[PDB]
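A.B. asks: Pasting an experimental structure, sequence included:
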Amino acid sequence: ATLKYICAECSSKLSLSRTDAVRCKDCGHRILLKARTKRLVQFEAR
Amino acid sequence: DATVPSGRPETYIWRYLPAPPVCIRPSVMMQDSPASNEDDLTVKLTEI
Amino acid sequence: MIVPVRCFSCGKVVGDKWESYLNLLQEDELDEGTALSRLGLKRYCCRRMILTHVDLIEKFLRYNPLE
Amino acid sequence: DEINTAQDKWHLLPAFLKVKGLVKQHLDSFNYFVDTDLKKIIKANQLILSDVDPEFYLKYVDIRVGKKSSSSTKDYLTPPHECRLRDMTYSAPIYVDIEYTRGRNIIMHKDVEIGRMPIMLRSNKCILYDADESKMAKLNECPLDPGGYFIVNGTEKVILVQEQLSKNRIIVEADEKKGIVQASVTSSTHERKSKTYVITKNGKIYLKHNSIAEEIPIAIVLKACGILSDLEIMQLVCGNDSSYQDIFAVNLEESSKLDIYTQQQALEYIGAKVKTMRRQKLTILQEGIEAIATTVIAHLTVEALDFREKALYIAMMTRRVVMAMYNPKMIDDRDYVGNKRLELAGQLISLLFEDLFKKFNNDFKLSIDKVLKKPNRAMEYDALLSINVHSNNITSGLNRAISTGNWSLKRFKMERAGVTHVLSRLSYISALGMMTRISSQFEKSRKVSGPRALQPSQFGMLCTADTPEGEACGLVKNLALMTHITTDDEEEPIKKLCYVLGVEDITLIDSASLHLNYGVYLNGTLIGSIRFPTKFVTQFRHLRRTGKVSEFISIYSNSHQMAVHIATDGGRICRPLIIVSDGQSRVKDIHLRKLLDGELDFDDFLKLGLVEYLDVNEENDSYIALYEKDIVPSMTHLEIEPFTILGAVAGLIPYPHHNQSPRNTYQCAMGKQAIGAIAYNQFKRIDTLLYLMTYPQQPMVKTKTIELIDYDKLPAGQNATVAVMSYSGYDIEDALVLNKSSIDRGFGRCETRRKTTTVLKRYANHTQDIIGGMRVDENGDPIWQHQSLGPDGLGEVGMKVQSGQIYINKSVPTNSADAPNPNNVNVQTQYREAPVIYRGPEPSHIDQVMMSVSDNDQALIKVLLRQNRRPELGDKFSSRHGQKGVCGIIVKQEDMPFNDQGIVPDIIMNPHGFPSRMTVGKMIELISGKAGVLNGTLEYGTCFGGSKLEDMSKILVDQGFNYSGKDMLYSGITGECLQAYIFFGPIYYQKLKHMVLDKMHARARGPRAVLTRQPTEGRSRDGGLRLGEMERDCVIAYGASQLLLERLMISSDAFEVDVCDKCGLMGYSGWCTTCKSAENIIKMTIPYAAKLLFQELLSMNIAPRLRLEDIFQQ
Amino acid sequence: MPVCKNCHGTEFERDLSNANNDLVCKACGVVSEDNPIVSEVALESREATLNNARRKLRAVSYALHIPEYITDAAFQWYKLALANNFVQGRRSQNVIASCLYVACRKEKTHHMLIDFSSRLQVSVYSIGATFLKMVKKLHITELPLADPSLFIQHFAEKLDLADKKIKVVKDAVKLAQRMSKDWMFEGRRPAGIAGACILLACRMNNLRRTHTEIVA
Ligand SMILES: [Zn+2]
Ligand SMILES: [Zn+2]
Ligand SMILES: [Zn+2]
Ligand SMILES: [Zn+2]
């Protein structure tokens, strides 16, 4: 979705509160990436 | 040669030991957290 | 990764024929050299990349997010 | 389809490698360790008992790793790859079972953790072990990573196979002067101890053992060794007649001039000269004073109870030195592998273990004393959970070792370092390149050229194709493709067996030996000197190849030296190959259909008596042929394939047998730097500096060695259609010239991946370092210096980040190191923001960021940055064949030849390189390439073999291309026929590290080091370069004064010192300060290194007083 | 900190572009310092006792697998604890015990004073004594509030079962939450209601575990 970031194994949309926990709400599995930014970005193919 | 700028063979043996400057023996960067690393001469003579 | 979209010399588009290549090999079992030829690449530098180029992208898609 | 007896042996090497793996060295020794040597070490010390409370004991019983007796594999552990992201240390816990003494009727037990062991990926106990392509997915990890490397602290490291000189063995060295030292250094368990022996002077020869004071005449010791007959010494160590008679008796003299009769006093001469027992225990000052040493001096090789063995052992050793004093040569260098025994991680980690575990016990005692000192009630107390608190010294200490490489062994008092490494992943080849690398160590000083060169005995048991320049304090080699490093086997059974064959015990022996047969040496220890040596041999070898005591326990006869050796030692190199009984082999060619069916495989031929493992000794005694095509029924064995000799790295090179070897050496020193696809888990893992390529391709000509390392499923390189011509004039030495509109079409494009770890840590003030950010002044937009973040303050995915921006915002607390008090109300919140800035010559992109928690529960943030480098001018390329070069002008498209098809040679390469480097292998590889792409078949090539060139022609000539690789071309510039033929086809050019955009460097005036105040070193920190005394002299020859004064004076440290003419010394501003003046000081300039040299000196007591004079007017 | 010798502006910026690293003002552009010099690369009764207390302290620390971090905070409490000579005539254990316990409370972590004690002979009382005693001397009040939400975690891991417990966790806590508003929560060893709610949701998750193995 549009919210902040993702688990590793759960691969689930996860929004986190400021200083809440490093866990993922669903799985007990810890590490979490940061999902893609919705903001535009420019490349020049050449 | 003694026209006594030095004043004879008695200074050869230590009496007053010359402490070197700080810029010769710089305390290592204070770094994050209290202990900055010593820098040799700062420990030897400070033990002497 | 993916078959390039042109060779590194000619500039004929190879991006297309990789699908039609492999399909043409598995179904209709037929030898390499004859295959690529009637697939339409006579020049050999155009040809290598079909022949060469292991396709990794499959072996890279085992690791996707969702599983 | 009858399989050809010629090549069908090929099907061996895979089946060999298929079940028993490529990298099994690091596995087996490990899997042997955890499954066995633990059950030994504790069986050594199973009882710790204080001196107090005579009723107590602590009795270990079993050791287990990960298995508490619930399931076979541990019910839960942490997956290794995911364990690599958190900076954790991949671990399986230790389990021990104990017996106590606590209170009346206990003697109870449990299953307890003493700590955690860093096991090894794809060992027995690993989660990855025996998991096929599915768990691989769910565990998010590579299928093709060979494993065998540890992982600790999140970094990724390897124990490197460590060569060591033969231990517990004879060696005899001669020298100018000297007198031919002999040495035997024996070790097992306790007390690794050397014993030298040599002549001191002029036929008068002595034992030096540092346990003794100085020396003893060998006649004395040998008497005291319990052979008392004297003159029969001569009959023993000397021989019958030859020359040897005189040379030894000269020695035997000086025993007569002194003392005799070991019955009491001849021993007493020794203990008389031994050092003290250090007070207590001296009680043994006796005639049995030294009777201890005569069985344990150095040699723990024999010891025992009566003396005759060690006696005659030291004797037979004394023979070989007087044999050397007769004539030089006829001795033992330390070079050929049989005199050197490498050793794996198996014995290493135990030796380290039993130390750490030993300290664990010694100190856990002293902790069990504190409780039992001062009586409280009746002191019982579990006296058991105290292992938890007093542990880790086993674990954290172990991690310290395995990661750092400092091994401090208190028990041997022997320290070694540089023993592990970061496993360098620049390629799939390097993955197993660091893996299987022999690190030689010691080597005394460098100045001896002996332990350097490549000995012909090395054939096929070590890679001949790399000995790179990282030599320094050591040497680096690699194994072959087929080697099985023999483990420890056993002794007593092979001993009693040897008797069973009818060898006669030394005690029965004539005490005249050397004349009769040879003698039979177990591990370099004399036993029987049996009758009929050769028949004994053939009998024994016949047993090994079928019935009993297999693999190692090699055997070889000997002639000049009269001996037959049975060696049981572990840690030794062996190799496979086929026995030929009578004329032909034992294969019989129907056995291989019986093989490739899959119901047969390998390690089944031993039980069928076909192939077995020789040894450098054994094979030296044996006789081998290359091809089945040539046999004579004088033979023994034939190699299964010749190209097993080139290493896993070396097997890459196509047609190596056409080169000159230094090219293959530089190639084994390159290909591991070829950028590549790494592993399938590539994008998911986050590494420190990881290159990788956009469009990798199979090298057009493979080698039967490549396919078996799966190198074509992770190819590193581009396959470039490449003329050979002089073009431009930007070419010259090795410098390539690339092709625009080609390089732009996706040729040779690179990516690069960096990680920036920022650990967040809480401070004792209870204040957390915070990532908050995004200032955003002036109406809804962040400052450009900021930008690239997003609301979170952390960096964000996929956005272009440019030079001086901030890809992670970080701020420390200001008071963090203050003294925490129970006093606060409002502000803990003052922060010093010290964000890490991006700095680099190019832009880049943030692809992926990781927020996680470390093992100890402290916040962790890791981002990784990427950029795809276009292969800019100045980028090292290789031909994989030894050509090492940099691109020149990048021409456009239109330029350079084309010919009839229209194709444009992509790389174009200077001809000159081939003749002077004299490498025709490549120049065949080109043919094989063009022939390949026509038939549409990958066409092979390999060391001593490969596609026969003369048919390659036939494949081309009908399809229109010249019977040899040459063809016409049209110079792009003019457009008229090139006046000479040109030669081109596909070649595989791999692109290397040393991308230029890294390596270019410049400085205007940068930072200076505090101490010398002259510019700092190298790339990274900041600029500045070296003028060495080797170089500095140069400008003197030209005679330039002003260039130096600009150079080592103005431009580096320009400095004004204020000195005092009277009594010359320095001083600041106005004062001389030794003489308070503020008058006689004169301002002048001088290199700050020179002042620093004064204040250095004058600190030490010495006084560079400066007498001065004015420049002008005399 | 300093001011431009000309523009008299206070805003200074160190330009990292060209590998000078000069410090300059955004005002007139004059440099403050070029050439950015950087660095690189006894007998006391108190040293003995103190560093001995980092020894004994760090000992009991990783036994409980607490953060090594917190040890330094606790230790310095011990430092301040020695300042009042409160630490002199008592059992060294009970002293450093509370000295660590007060720390791990100040961080709101899961270690319960009962668990902390059983390393010893001790009655979970003598420790209860010393702790509550240093509450007086060193003046501290507000910080140490123990709560259920923490104990269930460290429990939950040791409870075996399976990944379901996470749900159970999410289950149990909301349970324990209402019990606090159910106004039965005060006047109780928080471990009691902890294992209680755990057993509750576990039964609610239809998994059968004994009463013993819980209180384990
Ligand atoms: Zn999750
Ligand atoms: Zn083409
Ligand atoms: Zn002066
Ligand atoms: Zn200014």
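C.D. replies: Now that the structure is in, tell me what you want to look at. Numbering: from 1, shown residues only, chains lettered A, B, ... in the order given. Ligands and ions are numbered 1, 2, ... in the order given.

A.B. asks: all contacts plus neighbour counts: C-alpha atoms, from now on.
C.D. replies: Will do.

A.B. asks: State the distance from the residue nearest the centre of chain B to residue E:42.
C.D. replies: The centre of chain B sits closest to residue B:19, judged by C-alpha atoms, centre = their mean, with a distance of 3.1 Å. Look at residue B:19 and residue E:42: by C-alpha to C-alpha, to the nearest Å, they are 20 Å apart.

A.B. asks: got the contact list for the residue nearest to residue D:505 when sequence neighbours are not counted?
C.D. replies: Spatial nearest neighbour of residue D:505, excluding adjacent residues (C-alpha to C-alpha, 6 or more residues apart in numbering or on different chains): residue D:528 at 5.1 Å. Counting by C-alpha atoms under 8 Å, 6 or more residues apart in numbering or on different chains, residue D:528 makes contact with D:503-506, D:509, D:519-520.

A.B. asks: and with 10 Å instead?
C.D. replies: Contact analysis of residue D:528 by C-alpha atoms under 10 Å, 6 or more residues apart in numbering or on different chains lists D:498-499, D:502-509, D:513, D:518-522.

A.B. asks: Please apply the same query to residue D:150.
C.D. replies: D:80, D:89-91, D:118-123, D:156-159, D:402-403, D:422-423.

A.B. asks: Could you identify the buried members of those?
C.D. replies: The neighbour count (16 or more other C-alpha atoms under 10 Å in any protein chain shown) marks D:80, D:89-91, D:118-123, D:156-159, D:402-403, D:423 as buried among the contacts of residue D:150.

A.B. asks: out of these, which are inside helices?
C.D. replies: If you go by DSSP state H, the buried ones among the contacts of residue D:150 have D:80, D:402-403 in helices.

A.B. asks: For ligand 1, state which of those residues is nearest.
C.D. replies: Lowest distance from ligand 1 to those (C-alpha to the ion) belongs to residue D:80, with 18.2 Å.

A.B. asks: mind listing the strands for the chain?
C.D. replies: In the absence of a named chain, chain A is used. A:5-6, A:13-14, A:32-33 (DSSP state E).

A.B. asks: hm, I was asking about chain E
C.D. replies: E:12-14, E:23-25.

A.B. asks: highest average neighbour count across these?
C.D. replies: strand E:23-25 (a mean of 20; mean count of other C-alpha atoms under 10 Å in any protein chain shown).

A.B. asks: Indicate the residue of chain A located nearest to ligand 3.
C.D. replies: For chain A, C-alpha to the ion, closest residue to ligand 3: residue A:19, 65.4 Å.

A.B. asks: Hmm, I typed the wrong one, I wanted chain E.
C.D. replies: For chain E, C-alpha to the ion, closest residue to ligand 3: residue E:37, 29.9 Å.

A.B. asks: Could I get the contacting residues of the residue nearest the centre of chain A?
C.D. replies: For chain A, residue A:5 is the residue whose C-alpha lies nearest the centre (C-alpha atoms, centre = their mean; 1.4 Å). Counting by C-alpha under 10 Å, 6+ apart, residue A:5 touches A:11-16, A:24, A:32-37, D:850-851.

A.B. asks: Quick one, which of those residues are buried?
C.D. replies: Counted by 16+ other C-alpha under 10 Å, these give A:11-14, A:24, A:32-37, D:850-851 as buried.

A.B. asks: now the residue of chain E at minimum distance from chain C: how far from residue D:625?
C.D. replies: Of all residues in chain E, residue E:163 sits closest to chain C, at 18.5 Å by C-alpha to the nearest C-alpha. Residue E:163 sits 63 Å away from residue D:625, taking C-alpha to C-alpha as the criterion.

A.B. asks: For these two, indicate the residue with more neighbours.
C.D. replies: The neighbour comparison of residue E:163 against residue D:625 (other C-alpha atoms under 10 Å in any protein chain shown) goes to residue D:625, with 16 against 11.

A.B. asks: ok, the nearest residue to the more buried one once chain neighbours are set aside - how many residues close by?
C.D. replies: Leaving aside its sequence neighbours, residue D:625 sits nearest to residue D:638 (C-alpha to C-alpha, 6+ apart; 4.7 Å). When counting by other C-alpha under 10 Å, one arrives at 23 neighbours for residue D:638.

A.B. asks: List the contacts of residue D:638.
C.D. replies: D:576-580, D:584-585, D:611, D:623-628, D:630-631.

A.B. asks: Can you select the buried ones from those residues in ChimeraX?
C.D. replies: Buried residues among the contacts of residue D:638 (16+ other C-alpha under 10 Å), as a ChimeraX selection:
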select /D:576,577,578,579,580,584,585,611,624,625,628,631
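
A.B. asks: From the contacts of residue D:638, which land in helices?
C.D. replies: Counting by DSSP H, the contacts of residue D:638 contribute nothing to helices.

A.B. asks: is it fair to say residue D:1036 lies in a strand?
C.D. replies: No - using DSSP: H, G, I helix; E, B strand; the rest coil, the secondary structure at residue D:1036 is helix, not a strand.

A.B. asks: burial count for it?
C.D. replies: Residue D:1036: 12 neighbours (other C-alpha under 10 Å).

A.B. asks: which ones are touching it?
C.D. replies: Residue D:1036 neighbours (C-alpha under 10 Å, 6+ apart): D:1043-1044.

A.B. asks: Please report how far it lies from residue D:1030.
C.D. replies: For residue D:1036, the distance to residue D:1030 - C-alpha to C-alpha - is 11 Å.

A.B. asks: Which secondary structure element is home to the most centrally placed residue in chain C?
C.D. replies: For chain C, the residue nearest the mean C-alpha position is residue C:18 (3.0 Å; C-alpha atoms, centre = their mean). Applying DSSP states H and E as the criterion places residue C:18 in helix C:17-26.

A.B. asks: for stretch D:927-947, the distance to its chain's centre please.
C.D. replies: 35 Å (C-alpha atoms, centre = their mean, to the nearest Å).

A.B. asks: Name the residues of that stretch that are buried.
C.D. replies: Of the residues in stretch D:927-947, D:927-943, D:945-946 count as buried by neighbour count, 16+ other C-alpha under 10 Å.

A.B. asks: so what's residue 41 closest to, chain neighbours aside?
C.D. replies: Using chain A here. That would be residue D:799: by C-alpha to C-alpha, 6+ apart, it lies 6.2 Å from residue A:41.

A.B. asks: that's the wrong chain, I wanted chain C
C.D. replies: residue C:47 is the one closest to residue C:41 (C-alpha to C-alpha, 6+ apart), at 5.9 Å.

A.B. asks: Show me what the helix or strand hosting that neighbour is packed against.
C.D. replies: If you go by DSSP H and E, residue C:47 is part of helix C:44-51. With contacts defined as 3 or more C-alpha pairs under 10 Å, 6 or more residues apart in numbering or on different chains; DSSP states H and E, helix C:44-51 has these neighbours: helix C:17-26, helix C:32-38, strand D:718-724, helix D:921-935, strand D:985-989.

A.B. asks: neighbours around residue D:993, how many?
C.D. replies: Close neighbours of residue D:993, defined as other C-alpha under 10 Å, add up to 16.

A.B. asks: The one 5 residues further on now?
C.D. replies: Counted with other C-alpha under 10 Å, the burial measure for residue D:998 works out to 13 neighbours.

A.B. asks: surely it meets residue D:689?
C.D. replies: No - in this structure residue D:998 lies outside contact range of residue D:689 using C-alpha atoms under 10 Å: 11.9 Å.

A.B. asks: Spatially, which residue comes closest to residue 33, not counting chain neighbours?
C.D. replies: No chain specified, so I'll use chain A. Using C-alpha to C-alpha, 6+ apart, the nearest residue to residue A:33 is residue D:850, at 4.6 Å.

A.B. asks: wrong one, I was asking about chain C
C.D. replies: Nearest one to residue C:33, counting by C-alpha to C-alpha, 6+ apart, is residue D:936 at 4.0 Å.
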